[PDB]
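Next up is one chain by itself, shown in structure tokens, the form deposited in one PDB entry.
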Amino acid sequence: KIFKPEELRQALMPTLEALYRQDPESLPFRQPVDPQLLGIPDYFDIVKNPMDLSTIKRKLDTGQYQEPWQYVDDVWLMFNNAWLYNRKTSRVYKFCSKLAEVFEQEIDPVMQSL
């Protein structure tokens, strides 16, 4: 089974759009964390592989995922980064947990279809 880049994009894009639709919960995740701008120099000492929704979308728009599990890996990487860096009751952590719930509720039938 080989995937065509625009077909893979059409199949997965609704799952990414569902994350983007969440307001306010997608807001911390719509752009890359910039530790200098945010004044959190420790960020890249804990998060070695940053990921965010804008980067996932760009990868999905430019054929960077050959297989659907590569996309699923990047979504979970974004989540796991936030769950490692932030306090459990912080806004970012709580918002992350909402996005992961949305992602769970949705990604199963899409993967079954691929």
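Sequential numbering from 1, following the sequence displayed. Take the two forms, superpose them, and find the largest set of C-alpha atoms that agree within 1.5 Å; that set is the rigid core.
Farther on average from this form in 7 other deposited structures of this protein lies stretch 32 to 40, the comparison being between 32 to 40 and 56 to 64 by RMS Cα distance after core superposition. Two stretches, 19 to 27 and 5 to 13, are weighed by how far their CA atoms sit from the shown form in 7 other deposited structures of this protein after rigid core superposition; the farther one is 5 to 13. Taking only CA atoms, the mean B-factor in the PDB entry is higher for 68 to 76 than for the other of 68 to 76 and 84 to 92. Between 13 to 21 and 102 to 110, it is 102 to 110 that carries the larger average Cα temperature factor according to the deposited entry. Across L37, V47, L27, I56, the entry's maximum B-factor at the CA atom is seen for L37.
Beyond what is shown, the protein has a form solved in complex with a small molecule; the following relates to that form.
The small molecule in the deposited bound form comes within 4.5 Å of a heavy atom belonging to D108. Taking non-hydrogen atoms only, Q66 never approaches the small molecule to within 4.5 angstroms in the deposited bound form.
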